[PDB]
Structure formats: structure tokens, C-alpha cells
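S.K.: Right, I'll just put the structure down here and ask away after.
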Amino acid sequence: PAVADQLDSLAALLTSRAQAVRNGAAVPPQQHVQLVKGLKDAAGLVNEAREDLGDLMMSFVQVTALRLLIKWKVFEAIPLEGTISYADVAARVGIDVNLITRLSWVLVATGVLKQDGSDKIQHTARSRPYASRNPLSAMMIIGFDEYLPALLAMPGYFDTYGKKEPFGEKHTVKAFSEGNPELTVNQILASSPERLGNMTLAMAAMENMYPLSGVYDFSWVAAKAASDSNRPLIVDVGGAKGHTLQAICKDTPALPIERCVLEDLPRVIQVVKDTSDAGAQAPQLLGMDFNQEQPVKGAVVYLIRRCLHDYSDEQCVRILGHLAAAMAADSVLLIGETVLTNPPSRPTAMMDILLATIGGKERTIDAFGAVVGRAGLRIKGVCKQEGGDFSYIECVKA
Amino acid sequence: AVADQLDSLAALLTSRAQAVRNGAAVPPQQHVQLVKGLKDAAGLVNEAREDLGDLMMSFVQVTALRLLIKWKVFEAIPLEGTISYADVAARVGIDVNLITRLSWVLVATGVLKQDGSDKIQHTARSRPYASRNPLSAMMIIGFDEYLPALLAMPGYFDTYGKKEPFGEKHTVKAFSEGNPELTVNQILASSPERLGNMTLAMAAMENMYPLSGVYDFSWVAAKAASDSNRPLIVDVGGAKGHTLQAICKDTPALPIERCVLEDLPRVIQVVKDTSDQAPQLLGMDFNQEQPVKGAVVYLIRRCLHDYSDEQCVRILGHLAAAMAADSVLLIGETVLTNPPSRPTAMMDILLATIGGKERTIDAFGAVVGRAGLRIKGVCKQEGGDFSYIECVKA
Ligand SMILES: [Cl-]
């Protein structure tokens with residue numbers, strides 16, 4: 001049938017990458033992602049129904065072994081190079097060596113760890129990313145702690161609140177899973193500085209993924225900066241750090257950073273000015289709110305990155321409607337979000353359901369167009385990034 | 001180095017391609033070496049962030065499966081052909097946007113197939129979850145009962161100690177459900193086919209090895225003629241009675257009527273209701289002394305891995321006391337290799353949530369010797385880790 005020639009093309013794709021890595025030739029990101037998808041596509045076609053369920057069960061146990069070994073700092077006690085006995089690992093962390101062995105055996109079977117002989121363990125390239133508390137290990141931590149319990153609570157949640165798309169800050173699946181559906185996600189996290197800190201580090205790991213500078217041509221904004229010496233240039237709505245504004249103005253020095261506006265919650269802006277060099281050139285820091293008018297009028301470019309996916313279409317129309325009101329005829333709005341294909345890929349579909357636990361969602365270009373059009377805007381273009389669906393949707397006033 | 005691993009996998013996919021074209025089965029060893037490698041290639045090609053994504057998806061994929069099963073979505077999809085998301089939504093009376101987002105998960109993973117922009121259809125990987133069968137029961141069990149125990153483990157070890165969980169009391173499962181003072185089987189006796197979902201589901205982890213073609217029972221038949229009243233085969237915790245009928249239909253002069261099926265009274269009562277020629281049925285608790293004395297062969301299959309080492313010592317100790325000098329005890333269990341395989345290591349941590357574990361042949365030899373027994377031999381499954389440990393009185 002058709003399952004037979006899917007294997008043939010992945011085979012040919014594998015030979016092409018084999019000779020490529022033989023020649024040391026660099027691999028474009030789109031080729032990397034196609035091989036990643038092709039390998040996983042074949043694994044489901046080759047697996048029977050029982051093997052699929054067995055694989056899903058192993059990933060669960062594997063994630064549980066990763067979380068426990070991260071929490072117990074077992075990866076950190078294993079040297080980055082060389083081997084070490086299970087008993088020595090157990091002495092370094094003060095834990096029963098059966099528990100260490102049985103949990104490490106899980107990661108030995110899946111290739112995350114490699115066992116040497118009958119009782120010695122070593123790191124691999126797949127386990128060193130968890131040998132410390134870092135951006136990626138934080139993502140696993142908050143994934144296990146903050147989102148998996150909400151996935152489990154979903155059958156009971158939809159029975160309680162109705163089988164509809166979860167939207168809004170209260171009565172989220174996450175809060176329902178915590179036992180306090182009347183509390184927002186931020187209220188639950190503010191009660192624990194450790195849980196907040198891991199989420200901060202984990203979220204900072206994803207804001208850094210697809211840079212705006214270098215993939216969007218700001219040369220036309222340079223012309224606007226010269227004609228009007230006083231109009232604001234770039235406004236980063238919800239820009240969190242100011243990292244993106246620094247990158248844009250560094251690569252395009254025609255845009256002075258002090259002519260750009262960084263906008264976020266007052267508590268987020270307080271952190272920025274708390275840690276920033278007071279003697280260095282900095283953008284305008286403005287404490288604002290999504291639901292109210294955009295304070296900066298007539299700016300050349302407005303950015304709203306990784307924000308609209310937290311809210312429903314109706315909230316998104318309000319947010320975009322405030323921007324459209326403040327925008328000039330020549331203004332441009334850049335929406336930085338994942339743009340789902342139909343049907344969507346595995347990592348973006350996975351993200352879409354995770355966002356449902358907190359009242360968000362991912363959107364196709366069709367859903368973005370409807371929300372954009374209802375806010376008095378229109379889509380002008382889409383800048384899709386290599387090896388993924390994260391894009392900058394260029395919008396303009398209708 | 002890394003290059004020829006891709007070529008070897010590529011060559012395996014070439015071999016697999018022609019055979020599925022002709023409807024050919026491919027050797028099982030060739031299927032095994034293709035499933036592996038496909039995993040190993042994924043482990044080498046995936047970036048760390050992509051591998052973390054794969055693991056997180058498994059949880060979202062199981063949640064989409066669970067929700068669409070509970071909502072009768074697989075029941076509303078036609079057998080053959082496609083159906084629009086709007087129609088599926090109207091049949092089950094659910095928000096079409098919610099139906100589409102959850103089905104997109106299964107479409108992306110290959111469980112479901114999307115035709116065009118808005119139409120969906122069954123595949124060979126979705127059909128088992130449209131009905132009540134061991135496979136669909138297991139996945140429901142994995143979500144409803146095993147998954148909460150796994151998520152509660154970081155907290156469980158924070159309250160009881162970062163040590164091996166053991167015993168029927170204060171299990172991770174009982175902890176995860178908010179009643180740590182309950183035992184696992186009190187929890188399953190909450191509703192009668194909450195246990196019934198479990199006994200149906202254990203046919204999905206039922207990688208069945210028939211034992212009859214594994215162990216030579218001919219010497220037992222010779223004992224049957226030498227002692228006309230002696231019990232022959234006692235199946236301790238045999239539940240079904242499938243093993244006993246398989247052995248007796250396959251071994252001549254080993255009558256089923258001279259064998260005993262032993263399990264819990266409530267299990268024995270279910271057997272008698274569905275059975276009708278037959279072995280002796282005995283309601284029992286294998287934590288207490290064994291009533292049928294001096295049987296030629298005692299069987300205990302897939303029971304010891306649910307319990308701690310000391311509890312298995314007591315269980316086996318009752319059997320040893322009842323055995324004659326020529327009696328044989330066959331332990332049907334997974335025998336862990338060091339290091340273990342993927343399914344045996346996965347099952348090892350699942351059993352930890354109920355105070356059990358999988359054991360090597362050394363760990364088995366330790367508990368066997370504490371009961372008054374010694375290992376006489378091991379009959380191993382080819383292509384797996386399930387074994388039959390032949391034990392005799394020490
Ligand atoms: Cl062990």
C-alpha cells in the first residue's frame with residue numbers, strides 16, 4: 001500500500017544525509033527537521049498497536065526517571081566524562097542504590113545513559129543537558145511539575161466546566177488541577193519562589209529561539225527615522241527583557257535605542273530598571289496593560305511576540321484593536337507567534353494542548369487573519385523561520 | 001561512524017519496503033532491529049530540545065486519546081471513509097474547535113489521518129481505541145491509574161524517604177489517590193469493573209508464552225500413573241485457568257481434572273460462572289498456607305513481581321512447605337538482565353508504584369533460598385525476557 005513508499009523515501013533521505021555527514025557538509029535546518037519528522041513517522045508505521053502503547057508507557061517512565069534524577073542531582077553527581085559506580089553515585093546523593101540503579105536502568109534502556117559493565121554508569125550526549133539546572137533542564141522541571149498534572153485533570157475539568165475550549169485567566173485547567181480554580185496561574189506561582197524561578201528560567205529559554213533581527217528587513221524604518229527625528233521607532237509590546245530591542249538597534253544603528261519603547265507589566269519593568277546599567281543608552285521603559293489603549297501613538301513598528309497565543313480570539317481582537325487605534329497609516333505590526341499548518345506538526349500540536357491548560361492556543365494563518373481583520377488590520381506578509389513554524393506576521397491598518 | 005548507522009537503518013527500510021508491498025511478514029529479528037535503530041537514529045539526530053518535545057508529546061497524545069475515547073469520538077467516526085470535523089462535533093455534541101485541536105494531536109502522531117482541510121478518518125492505529133478490548137483498556141488504565149502515580153513520585157519520596165518503595169501499605173498509588181492508608185486492591189475494589197478494567201487490560205501486557213511448549217511435562221504424566229490420588233499441577237494465582245487447559249491439552253495422560261486452579265474466592269467465583277473437563281477450583285489466599293499438599297508441580301505466574309522480596313519469601317515458603325521431595329515449582333516471571341530491556345525496565349518502575357519490582361536471576365535466587373528452595377534450571381523465552389524458573393526443595 002502507501003505505507004511501503006513512505007519507508008522508501010525516508011531510506012533515500014537517510015542515504016543523502018549519510019553521504020552528507022561523510023563529507024562534513026552542513027545541513028540546512030529544513031533538511032534537519034524533515035529527517036526528524038521522517039524518522040518519527042516511520043516509527044509509528046512500523047510499530048504495531050501494542051508496541052505504540054508500550055512506547056508511550058516508556059516515555060512516561062522515562063520522564064519520571066529524568067525528573068527524579070534531576071531533583072536528586074544524580075546527573076550532577078555523575079562526571080561529565082568517565083564512569084562511576086552506582087554505589088558511588090548513591091553515596092554522593094545519599095540515596096538507596098536500588099532506587100538509583102532501577103531509575104538509571106530506565107535511562108540506560110532508552111539510551112539517555114550508558115551503563116558500563118555490571119555496575120558503572122556514565123553520561124552520554126543526551127544526558128549532559130540535564131547535568132545541571134539550566135534553561136533546558138528547567139523546561140523539563142516545569143513541564144513535569146506545572147503542566148502534566150493539568151493534562152491528567154482534563155477529563156474531570158471538561159466534565160466540570162463543559163467540553164469547550166478553555167479560555168480566560170480564572171478556572172484554568174492548571175488551577176483546577178491545583179485544587180484552586182478561583183486562583184489565576186500567576187497567583188499560584190507567586191506563592192512559591194522556587195516554582196516561579198524555574199518557570200522564569202524555562203520561559204527565558206524559548207524567548208531566545210527565533211530572533212527577529214536579521215530575518216526582518218528594517219531598512220525602510222531607517223528612512224522613517226530620518227524624516228521624523230522625533231517619532232517613536234520600535235515599540236515592543238510585552239517585550240519582557242528588552243533583549244529584542246537591543247538586537248534590532250545594534251544591527252540597524254540608524255534606529256537609536258532611546259527612540260524605541262519597551263512595554264510590559266509594571267512588575268516586569270521594575271526588574272528591567274533594577275538590573276540595567278543606568279549609565280548606558282536604554283529604550284523608554286513603560287509600564288502598561290494589554291487591555292488598555294496603546295500609549296505610544298504613531299510609532300513606525302509595533303512588536304507583540306509570544307503574547308496573543310495566551311488569549312482567546314475575542315481578547316486578541318481587543319489587544320490588536322488598541323494597537324490599530326494607536327498606529328499610523330504607515331505603521332506596521334509584527335505578530336511573533338507559531339503559525340500552525342493544517343494539519344499542524346507534532347511540536348506545535350503538543351504546544352497547543354499545553355497552552356489549553358492555561359487558557360491559550362496556537363492558531364493557523366486563517367485564525368490569525370480573522371482576528372486581525374476584526375481588529376481593523378490586514379495581513380501584509382508572513383516571515384516564517386527556518387526549521388519551524390514560528391513566524392512574524394506583518395500586519396497593517398485596513 | 002555516525003554515517004553508516006544511517007545507511008544500515010536505510011538498508012533496513014529498503015528491506016521493509018518491498019515486503020509490506022507484497023504483504024510479507026518480514027523475519028521478527030529484522031522487525032526488532034528496525035524498531036531499534038529507528039529509536040537510535042532518533043536519539044542521534046534529535047536535538048536536546050526536540051527530544052524533550054517528543055517526551056512531552058507522549059503525555060499530550062495519551063491525553064487526546066483518553067478524551068476522544070471518553071467523549072465517544074472514535075465511535076462517531078465512520079468505519080471506512082472520511083468525515084468532517086463539523087460532523088464529528090455535531091454527532092458528539094462538542095465544540096468543533098476542541099474536537100479539531102485534540103484530533104490534530106492524533107493526526108500529527110499518525111493515529112488518525114486528515115484528508116484535505118477538514119476531514120478525518122480512522123487508521124489501523126486508531127481502531128483499537130474505538131472499542132472495549134485489552135489494548136484500549138490498558139491505555140485507559142495507564143492514564144487513569146499509572147500516570148497519577150508517576151507524577152506523584154517526586155512528592156512521595158519527599159514524604160516517605162528516597163528509598164525503594166516496598167509492601168502493600170503506603171504505596172505510591174495509594175499516595176497519589178489521597179488515601180495512603182489504603183492498600184492497592186482496596187482501591188481497585190472501589191468499583192467492581194474498575195477491577196474489571198484492570199483484568200481486561202492485563203491482556204495487553206499479556207505477551208503470552210504458552211509454557212506447554214517450553215517445559216517438558218512428560219515426567220509428570222509418569223508420576224500420574226504411579227500415584228493415582230496425587231495432585232498433579234497446582235496453578236497458584238492462575239486466575240483464568242488458561243494455562244492449565246493449555247498444558248493438559250498439549251500433554252497426554254495429564255488430565256485436567258487432577259489439577260487445581262487456585263486464586264482469590266471472588267476470582268474463583270467468576271471462573272465458575274463463566275466455565276463449565278475442568279480442574280479443581282479452590283478459593284485461596286497465597287499469603288496463607290497451601291491446602292493442596294504434595295502436588296507434582298506448583299505454578300506461580302506473574303504474581304511475584306507485584307510484591308517485595310520478603311513477601312515473596314513468605315508466598316514461596318508456603319509452597320515449599322507443601323511440596324514433596326520430588327515436587328517442582330515453576331515461577332513464571334520476567335527475569336531481568338543487567339542492564340534490562342526497554343519493556344522490562346518500564347514495567348519495573350510501574351511495579352514500584354504498587355510496592356513490587358522486576359528481579360534478576362540473582363535476586364530470584366536470594367528469595368528462593370530464603371523459602372527453602374533452590375533454582376534447578378531456567379526455561380527462557382526466545383525474543384523476550386519471560387522465563388520459567390524450575391525450583392525444588394533445598
Ligand atoms: Cl534491583
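If you're wondering about the labels, chains in the C-alpha cells are A, B, ... by order shown, residues count from 1 in each chain, ligands from 1 in order shown.
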Skipping near chain neighbours, those fewer than 6 positions away, what residues fall within 9 Å of residue 55 (chain A) using only C-alpha atoms, listed as an mmCIF file with N, CA, C and O atoms, in the first residue's frame?

M.R.:
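Writing the result to part_19.cif gives the following:
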data_model
loop_
_atom_site.group_PDB
_atom_site.id
_atom_site.type_symbol
_atom_site.label_atom_id
_atom_site.label_comp_id
_atom_site.auth_asym_id
_atom_site.auth_seq_id
_atom_site.Cartn_x
_atom_site.Cartn_y
_atom_site.Cartn_z
ATOM 1 N N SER B 58 4.168 12.613 24.180
ATOM 2 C CA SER B 58 3.610 11.338 24.620
ATOM 3 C C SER B 58 2.511 11.549 25.653
ATOM 4 O O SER B 58 1.481 10.865 25.627
ATOM 5 N N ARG B 342 13.995 -2.310 27.345
ATOM 6 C CA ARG B 342 13.036 -1.215 27.485
ATOM 7 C C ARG B 342 11.726 -1.643 28.139
ATOM 8 O O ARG B 342 11.291 -0.969 29.088
ATOM 9 N N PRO B 343 11.044 -2.711 27.699
ATOM 10 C CA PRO B 343 9.763 -3.042 28.346
ATOM 11 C C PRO B 343 9.915 -3.515 29.780
ATOM 12 O O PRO B 343 9.065 -3.201 30.622
#

S.K.: Write out as a tab-separated table a residue-level contact list of chain B versus ligand 1 with cut-off 8 Å: for each qualifying residue the closest pair of atoms and the distance in Å to one decimal, counting only C-alpha atoms and all ligand atoms, rows sorted by chain and residue number upward.

M.R.:
residue	atom	partner	partner_atom_place_in_ligand_line	distance
B:357	CA	ligand 1	1 (Cl)	7.6
B:358	CA	ligand 1	1 (Cl)	7.4
B:359	CA	ligand 1	1 (Cl)	6.3
B:360	CA	ligand 1	1 (Cl)	7.4
B:363	CA	ligand 1	1 (Cl)	7.6

S.K.: The selected residues should be written to file as a PDB file, in the first residue's frame (atoms: C-alpha atoms).

M.R.:
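After the write, out38.pdb holds the following:
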ATOM      1  CA  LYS B 357       9.718  -4.915  41.250  1.00  0.00           C
ATOM      2  CA  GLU B 358      11.241  -6.972  38.475  1.00  0.00           C
ATOM      3  CA  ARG B 359      14.132  -9.192  39.516  1.00  0.00           C
ATOM      4  CA  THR B 360      17.313 -10.649  38.082  1.00  0.00           C
ATOM      5  CA  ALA B 363      17.534 -11.594  43.197  1.00  0.00           C
TER       6      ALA B 363
END

S.K.: Output the contact residues of chain A with respect to chain B at a cut-off of 7 Å, based on only C-alpha atoms, as a ChimeraX atom specification.

M.R.: /A:1,4-5,7-8,11,14-15,18-19,21-22,36,39,43-44,49-50,53,56,58-59,61,63-64,68,95-96,98-99,105-106,109-110,118,126,151,155,163-165,342-347,349-350,353

S.K.: To one decimal place, how far is CA of residue 183 (chain B) from CA of residue 168 (chain B) in Å?

M.R.: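 One can read the CA of residue 183 (chain B) to CA of residue 168 (chain B) distance as 5.7 Å.
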
S.K.: Have a look at A:380, A:174, A:37, A:133 and name the one nearest to residue 147 (chain A); count only C-alpha atoms.

M.R.: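 The closest residue to residue 147 (chain A) is A:174.
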
S.K.: Set the distance at 8 Å and use only C-alpha atoms: which residues neighbour region 75-79 of chain A once local chain neighbours fewer than 3 positions away are removed? I'd like the list as a VMD selection string.

M.R.: chain A and resid 69 to 70 82 to 84 89 92 to 93 121 to 123 127 to 128 130 to 132

S.K.: Which neighbours of region 207-211 of chain A fall inside 8 Å, counting only C-alpha atoms, when residues of the same chain fewer than 5 positions from it are skipped, and could you give them as a VMD selection string?

M.R.: chain A and resid 244 306 385 390

S.K.: Restricted to N, CA, C and O atoms, what would the selected residues look like written as a PDB file, in the first residue's frame?

M.R.:
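Once written, out38.pdb looks like this:
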ATOM      1  N   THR A 244      15.206  42.041  22.573  1.00  0.00           N
ATOM      2  CA  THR A 244      14.921  42.170  21.147  1.00  0.00           C
ATOM      3  C   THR A 244      15.209  43.582  20.648  1.00  0.00           C
ATOM      4  O   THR A 244      15.721  43.759  19.536  1.00  0.00           O
ATOM      5  N   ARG A 306       4.848  36.354  21.136  1.00  0.00           N
ATOM      6  CA  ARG A 306       4.534  35.285  22.088  1.00  0.00           C
ATOM      7  C   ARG A 306       3.554  35.750  23.164  1.00  0.00           C
ATOM      8  O   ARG A 306       3.657  35.368  24.331  1.00  0.00           O
ATOM      9  N   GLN A 385      10.286  31.221   9.905  1.00  0.00           N
ATOM     10  CA  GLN A 385      11.669  30.920  10.238  1.00  0.00           C
ATOM     11  C   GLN A 385      12.027  29.499   9.824  1.00  0.00           C
ATOM     12  O   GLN A 385      11.178  28.604   9.797  1.00  0.00           O
ATOM     13  N   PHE A 390       7.430  28.990  13.671  1.00  0.00           N
ATOM     14  CA  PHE A 390       7.416  30.293  14.321  1.00  0.00           C
ATOM     15  C   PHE A 390       7.637  31.378  13.280  1.00  0.00           C
ATOM     16  O   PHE A 390       8.582  31.311  12.488  1.00  0.00           O
TER      17      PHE A 390
END

S.K.: Find the spatial neighbours of residue 251 (chain B), counting only C-alpha atoms, within a cut-off of 10 Å - ignore same-chain residues fewer than 6 positions away - and output them as a VMD selection string.

M.R.: chain B and resid 212 to 213 216 to 218 220 to 221 245

S.K.: List the neighbours of residue 295 (chain A) out to 9 Å using only C-alpha atoms; skip same-chain residues closer than 3 positions along the sequence, and give me the result as a list in words.

M.R.: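 Counting only C-alpha atoms, the residues come to residues 286, 288, 292 and 326 of chain A.
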